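*Asks:*
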Amino acid sequence: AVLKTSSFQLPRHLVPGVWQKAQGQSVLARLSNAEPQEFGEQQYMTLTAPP
Amino acid sequence: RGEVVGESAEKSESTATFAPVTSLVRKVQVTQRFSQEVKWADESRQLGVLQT
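Residue numbers (the deposited numbering), protein chains in the order written: chain F, 2 to 52; chain G, 53 to 104.
(1) Since G:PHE86 contacts F:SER8 with CB under 8 Å, what's their CB separation in whole angstroms?
(2) Would you mind telling me which residues of chain F sit closer than 9 Å to G:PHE70, beta carbon to beta carbon, in chain order?
(3) So, with DSSP's three-state summary, where would you put F:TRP20?
(4) Am I right that F:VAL3 and G:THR67 are in contact with their C-beta atoms under 8 Å? What's the rounded C-beta distance?
(5) Whose C-beta lies closer than 8 Å to the C-beta of G:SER64 among residues of the same chain, with five residues either side of it excluded?
(6) So what's G:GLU65 in DSSP terms, helix, strand or just coil?
(7) So what's G:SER87 in DSSP terms, helix, strand or just coil?
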């Protein structure tokens, strides 16, 4: 009988890199600019009703 | 196997045959626990107990 590669049970070639679906990025990071902040709760002052 | 062929006699085929075998894998560890007192004692006296 002729020799065939089935008698070797060859292992697969694992190729580098990972294929991924795209992920949706932040909208808020594009639509509203980051203000520089120090650590802790900020407070903002607002007009409630005019004269 | 070899074959003895006369002049103009037909040559046969005889072939090597093969089979594959797979390993397993084993992880083996030793962990030894001691006080930092044992370390300072060994290391200042040069006893070599941690090297042992």
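Built from N, CA and C at the ideal position, the CB exists for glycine as well.
*Replies:* In short:
(1) The sequence position of residue 86 of chain G within the second sequence is 34, counting from 1. The sequence position of residue 8 of chain F within the first sequence is 7, counting from 1. With a Cβ gap of about 54 Å, G:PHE86 and F:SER8 do not count as contacting.
(2) Here residue 70 of chain G refers to the residue found at position 18 of the second sequence. Going along chain F in sequence order, the residues near G:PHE70 (Cβ under 9 Å) are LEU4, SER8 and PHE9.
(3) Here residue 20 of chain F corresponds to residue number 19 of the first sequence, with the count starting at 1. If DSSP states are grouped into helix, strand and coil, F:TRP20 belongs with coil.
(4) To locate residue 3 of chain F, count along the first sequence from 1; it is residue 2. To locate residue 67 of chain G, count along the second sequence from 1; it is residue 15. Yes, F:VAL3 and G:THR67 are in contact; Cβ-Cβ is about 7 Å, under 8 Å.
(5) Here residue 64 of chain G refers to the residue found at position 12 when the second sequence is read from its first residue. Excluding residues within five positions, the ones whose Cβ falls inside 8 Å are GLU55.
(6) Counted from its first residue, the second sequence places residue 65 of chain G at position 13. Note: G:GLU65 maps to coil in three-state DSSP.
(7) Reading the second sequence from its first residue, position 35 is the one you call residue 87 of chain G. It is coil, neither helix nor strand.
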